[PDB]
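A.B. asks: For reference, the structure I am asking about is given below.
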Ligand SMILES: CCCCCCCCCCCCCCCCC[C@@H](O)O[C@H](CO[C@H](O)CCCCCCCCCCCCCCC)COP(=O)(O)OCC[N+](C)(C)C
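Protein chains in written order, with UniProt numbering: chain U, 1 to 458; chain S, 193 to 249.
What follows is the structure, given as structure tokens:
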């Protein structure tokens with residue numbers, strides 16, 4: 001699959017050789033072309049994966065993730081060029097270089113055939129994200145956010161590395177196909193328990209799991225808009241993809257090692273949904289929303305059924321699109337009024353009607369209105385959990401009630417009521433912002449038209 | 193009829209004829225251990241390269 005990797009590496013010098021006032025145009029055009037090329041990976045088989053070479057392969061789980069990454073790059077470029085107008089040419093090129101390097105690392109991460117190569121790329125994604133956050137964030141807290149983003153990740157991933165090399169000394173291979181075909185059960189010993197924890201905790205902190213999630217509100221609030229987009233839409237899904245890959249060697253230990261994580265996921269989903277009800281910062285609300293949806297995904301991965309895996313795949317794709325759109329919507333208001341307080345600017349439907357329509361559609365997809373793929377993933381996970389235990393419908397049910405509430409709360413706070421009298425600098429929406437919202441939302445409904453493309457290998 | 197030796201004659205290294213057999217193991221040595229056998233054959237490229245993690249060469 002070098003036909004996708006090489007054009008991004010070519011985006012790099014194309015950006016660094018462009019004329020000073022053509023960087024955005026060229027980057028956007030060729031990013032969109034690369035997304036169009038990557039669209040061909042959706043032609044998948046029913047039996048095995050597309051094994052391109054000894055190094056790269058494509059499954060029915062990673063292809064929609066690659067398509068989402070390549071589609072998110074142009075949207076990030078469109079969202080970034082407004083607040084970077086005053087920047088120097090070299091620093092703008094460096095920012096675009098960070099975005100391109102992040103895309104390259106993600107593309108290679110989602111298609112690596114070996115687990116150590118996957119680990120190396122999945123750690124390599126850290127550097128551009130940290131640089132973006134700590135260099136182009138707006139407030140002084142960004143520095144702290146960066147630290148919280150880094151060590152929380154590494155404290156999870158350093159044990160995993162050890163486990164990985166240990167496994168290669170035991171079975172002789174880390175190739176995923178060999179690992180799947182030559183699978184052997186895990187006995188019930190303390191050594192196996194700690195191997196399970198080492199294999200699981202890095203992905204758990206990536207999702208993130210409730211209790212290990214404190215880095216996420218900081219990092220996703222303090223980051224620039226493109227950073228928040230790529231953190232919510234793609235980088236959270238690394239944990240889910242890695243967990244679904246790694247669980248093939250953890251049976252039957254998972255059968256009882258999942259209980260603390262299942263309890264944490266369900267109760268913390270309720271807790272983060274409740275937290276969303278009392279939030280003064282609009283970005284923090286969206287971050288805690290991401291935490292709740294990812295708790296659902298964790299439950300789906302932990303119960304290990306075909307329906308739960310399909311639901312997890314659909315939910316990851318849908319959440320990526322929806323959360324990126326919500327972050328962009330909040331960023332428009334922030335750029336207008338330079339404040340993230342939700343109750344500062346009210347009654348925006350009177351001043352910006354089309355943006356209010358975009359807000360309504362985004363909040364409708366957040367609460368999983370049928371037949372959106374958000375609802376499809378949520379319903380598949382809920383059905384699988386009901387099969388796992390009939391009592392789960394209580395907690396899941398409560399979540400469905402809370403989500404809508406806070407979702408509509410957000411809308412009602414920003415669009416309805418009366419406008420703030422002293423805010424007189426609310427200009428009409430630009431074509432760029434409307435196009436960004438449309439390019440977020442139209443693929444969601446188009447995917448609803450054909451849902452088997454995001455349902456995964458199961 | 194005795195002649196005193198000249199200077200440097202008593203310090204010569206001489207030869208002696210004896211019927212005493214030459215001892216074969218005057219050190220009472222044990223049998224020496226056998227060495228590691230050898231390296232033999234032609235050198236061929238390493239099968240599938242280094243085989244280090246993901247590297248194919
Ligand atoms: C903030 C959120 C962070 C992330 C959450 C991570 C969740 C990790 C929790 C680990 C889940 C279970 C771990 C091990 C499985 C069983 C643990 C034990 O309590 O069960 C009994 C174990 O018996 C006793 O409990 C012995 C363990 C007691 C000592 C453990 C210390 C736990 C105290 C709490 C410390 C907090 C740890 C987390 C720190 C943050 C079962 O009896 P037994 O059949 O014999 O043991 C099974 C293993 N055998 C078969 C090899 C023998």
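Don't be surprised by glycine CBs; every beta carbon is placed ideally from N, CA and C.
Strictly below 8 Å CB to CB, what residues from chain S border residue 55 (chain U)?
C.D. replies: Here residue 55 (chain U) refers to the residue found at position 55 of the first chain. Result: 246, 248.
A.B. asks: Report whether the distance from the Cβ of residue 211 (chain U) to the nearest heavy atom of ligand 1 is below 6 Å.
C.D. replies: Translated into the one-based positions of the first chain, residue 211 (chain U) becomes position 211. Checking the Cβ of residue 211 (chain U) against ligand 1 gives yes.
A.B. asks: List, in chain order, every chain S residue whose beta-carbon is nearer than 9 Å to that of residue 114 (chain U).
C.D. replies: Reading the first chain from its first residue, position 114 is the one you call residue 114 (chain U). The contacting residues are 245, 246.
A.B. asks: Quick check: is the beta carbon of residue 117 (chain U) nearer than 7 Å to any beta carbon in chain C?
C.D. replies: In the structure shown, chain C does not exist; the protein chains are U and S.
A.B. asks: Is residue 190 (chain U) near ligand 1, going by C-beta to nearest heavy atom under 6 Å?
C.D. replies: Position 190 of the first chain holds residue 190 (chain U). Yes - ligand 1 has a heavy atom lying nearer than 6 Å to the Cβ of residue 190 (chain U).
A.B. asks: Any heavy atom of ligand 1 closer than 6 Å to the Cβ of residue 217 (chain U)?
C.D. replies: By 1-based counting over the first chain, the position of residue 217 (chain U) is 217. No; taking the cut-off as 6 Å, the Cβ of residue 217 (chain U) has no heavy atom of ligand 1 nearer than that.
A.B. asks: Would you say residue 132 (chain U) and residue 146 (chain U) are within 7 Å of each other, going by their C-beta atoms?
C.D. replies: Residue mapping note: residue 132 (chain U) aligns to position 132 of the first chain, counting from 1. Residue mapping note: residue 146 (chain U) aligns to position 146 of the first chain, counting from 1. Contact flag unset, no.
A.B. asks: Under 8 Å by Cβ, that's how I've got residue 233 (chain U) and residue 323 (chain U) pegged, so tell me the actual separation to the nearest angstrom.
C.D. replies: Along the first chain, one-based indexing puts residue 233 (chain U) at 233. Along the first chain, one-based indexing puts residue 323 (chain U) at 323. Right, their Cβ atoms sit about 6 Å apart.
A.B. asks: Evaluate residue 435 (chain U) with the Cβ neighbour count: other Cβ atoms within 10 Å of its Cβ, from every protein chain shown; 16 or more gives buried, anything less gives exposed.
C.D. replies: Working through the first chain from its first residue, we reach residue 435 (chain U) at position 435. That one is exposed.
A.B. asks: Is the number of C-beta pairs between the region 399 to 416 of chain U and the region 196 to 216 of chain S that are closer than 8 Å three or more?
C.D. replies: Output reads no: the region 196 to 216 of chain S does not touch the region 399 to 416 of chain U.
A.B. asks: Name the one or two DSSP bridge partners that residue 281 (chain U) has.
C.D. replies: Indexing the first chain from 1 puts residue 281 (chain U) at position 281. Beta-bridge pairing links residue 281 (chain U) to U:341.
A.B. asks: So is residue 244 (chain U) buried or exposed if we call it buried at 16+ other beta carbons inside 10 Å?
C.D. replies: Looking up residue 244 (chain U) in the first chain gives position 244. Classification of residue 244 (chain U): buried, given that the 10 Å Cβ count is 16 or more.
A.B. asks: Tell me the start and end of each unbroken beta strand (DSSP E) in the region 80 to 105 of chain U that is at least 3 residues and wholly inside, in chain order.
C.D. replies: Listed in chain order, nothing qualifies, since the region 80 to 105 of chain U has no complete beta strand (DSSP E) run of 3 or more residues.
A.B. asks: Do the region 179 to 186 of chain U and the region 86 to 99 of chain U touch if we need at least three Cβ pairs shorter than 8 Å?
C.D. replies: No, they do not touch.
A.B. asks: Over what stretch of residues does the alpha helix (DSSP H) that includes residue 218 (chain U) continue unbroken?
C.D. replies: Indexing the first chain from 1 puts residue 218 (chain U) at position 218. First-last of the alpha helix (DSSP H) with residue 218 (chain U): 215 to 222.
A.B. asks: At which residue ranges does the region 212 to 247 of chain S contain complete beta strand (DSSP E) runs of 3 or more residues, listed in the order of the chain?
C.D. replies: If we require 3 residues or more, the region 212 to 247 of chain S turns out to have no beta strand (DSSP E) run fully inside it.
A.B. asks: Return the bridge partner residues of residue 175 (chain U) from the DSSP annotation.
C.D. replies: Mapped onto the first chain, residue 175 (chain U) falls at position 175. Residue 175 (chain U) is bridged to U:114.
A.B. asks: Flag this pair as yes or no: are the beta carbons of residue 264 (chain U) and residue 209 (chain U) separated by less than 7 Å?
C.D. replies: Residue numbering aside, residue 264 (chain U) sits at position 264 when the first chain is read from its first letter. Residue numbering aside, residue 209 (chain U) sits at position 209 when the first chain is read from its first letter. Yes, these two residues count as a Cβ contact at 7 Å.
A.B. asks: So who's on the other strand from residue 50 (chain U), going by DSSP bridges?
C.D. replies: One-based indexing of the first chain puts residue 50 (chain U) at position 50. The partner list for residue 50 (chain U) (beta bridge, DSSP) reads U:58.
A.B. asks: Please go through the same chain and pick out, in chain order, the residues whose beta-carbon is closer than 8 Å to the beta-carbon of residue 427 (chain U), but skip the five residues on each side of it.
C.D. replies: The residue given as residue 427 (chain U) occupies position 427 in the first chain. Within the same chain, residue 427 (chain U) has close Cβ partners 336.
A.B. asks: Is residue 208 (chain U) near ligand 1, judged by its Cβ being under 6 Å from some heavy atom?
C.D. replies: Looking up residue 208 (chain U) in the first chain gives position 208. Incorrect: residue 208 (chain U) has no Cβ contact closer than 6 Å to ligand 1.
A.B. asks: Measuring CB to CB, does residue 74 (chain U) end up less than 7 Å from residue 28 (chain U)?
C.D. replies: Numbered from its first residue, the first chain carries residue 74 (chain U) at position 74. Numbered from its first residue, the first chain carries residue 28 (chain U) at position 28. In this structure, residue 28 (chain U) lies closer than 7 Å to residue 74 (chain U) by Cβ.
A.B. asks: Counting C-beta neighbours from all protein chains within 10 Å, is the total for residue 166 (chain U) 16 or more, i.e. buried, or is it exposed?
C.D. replies: Counting from 1 along the first chain, the entry for residue 166 (chain U) is found at position 166. Residue 166 (chain U) comes out exposed.
A.B. asks: Which first and last residues belong to the alpha helix (DSSP H) in which residue 366 (chain U) is found?
C.D. replies: On the first chain, position 366 is the one that residue 366 (chain U) refers to. Element bounds for residue 366 (chain U): 353 to 366.
A.B. asks: Consult DSSP for residue 309 (chain U) and reduce its assignment to one of helix, strand or coil.
C.D. replies: If you number the first chain from 1, residue 309 (chain U) lands on position 309. Correct three-state label for residue 309 (chain U): helix.
A.B. asks: Answer yes or no: the CB of residue 193 (chain U) versus the heavy atoms of ligand 1, is any distance below 6 Å?
C.D. replies: Position 193 of the first chain, counted from the first residue, corresponds to residue 193 (chain U). Yes, the beta carbon of residue 193 (chain U) sits closer than 6 Å to at least one heavy atom of ligand 1.
A.B. asks: How would you call residue 175 (chain U), buried or exposed, if buried means at least 16 neighbouring beta carbons within 10 angstroms?
C.D. replies: Translated into the one-based positions of the first chain, residue 175 (chain U) becomes position 175. By the neighbour-count rule (16 or more Cβ atoms within 10 Å), residue 175 (chain U) is buried.
A.B. asks: Tell me whether residue 136 (chain U) is buried or exposed, calling it buried when 16 or more other Cβ atoms sit within 10 Å of its Cβ.
C.D. replies: Translated into the one-based positions of the first chain, residue 136 (chain U) becomes position 136. Per the 10 Å Cβ criterion, buried.
A.B. asks: I need the straight-line Cα distance from residue 283 (chain U) to residue 327 (chain U), nearest angstrom please.
C.D. replies: By one-based count along the first chain, residue 283 (chain U) stands at place 283. By one-based count along the first chain, residue 327 (chain U) stands at place 327. Cα to Cα, the separation comes out at about 7 Å.
A.B. asks: Please classify residue 207 (chain S): is it buried, with 16 or more other beta-carbons within 10 angstroms of its beta-carbon, or exposed?
C.D. replies: Along the second chain, read from residue 1 onward, the residue named residue 207 (chain S) stands at position 15. The residue is exposed, with fewer than 16 neighbouring Cβ atoms inside 10 Å.
A.B. asks: Does the beta-carbon of residue 387 (chain U) have 16 or more other beta-carbons within 10 angstroms, so that it is buried, or is it exposed?
C.D. replies: Counting from one through the first chain, the residue named residue 387 (chain U) turns up at place 387. By the 10 Å Cβ count, residue 387 (chain U) comes out exposed.
A.B. asks: Cβ of residue 52 (chain U) within 7 Å of Cβ of residue 1 (chain U)?
C.D. replies: Numbered from its first residue, the first chain carries residue 52 (chain U) at position 52. Numbered from its first residue, the first chain carries residue 1 (chain U) at position 1. Cβ distance < 7 Å, so residue 52 (chain U) and residue 1 (chain U) count as in contact.
A.B. asks: How big is the Cα-Cα spacing for residue 372 (chain U) and residue 77 (chain U)?
C.D. replies: Locating residue 372 (chain U) in the first chain gives position 372, counting from the first residue. Locating residue 77 (chain U) in the first chain gives position 77, counting from the first residue. Between residue 372 (chain U) and residue 77 (chain U), the C-alpha separation is close to 27 Å.
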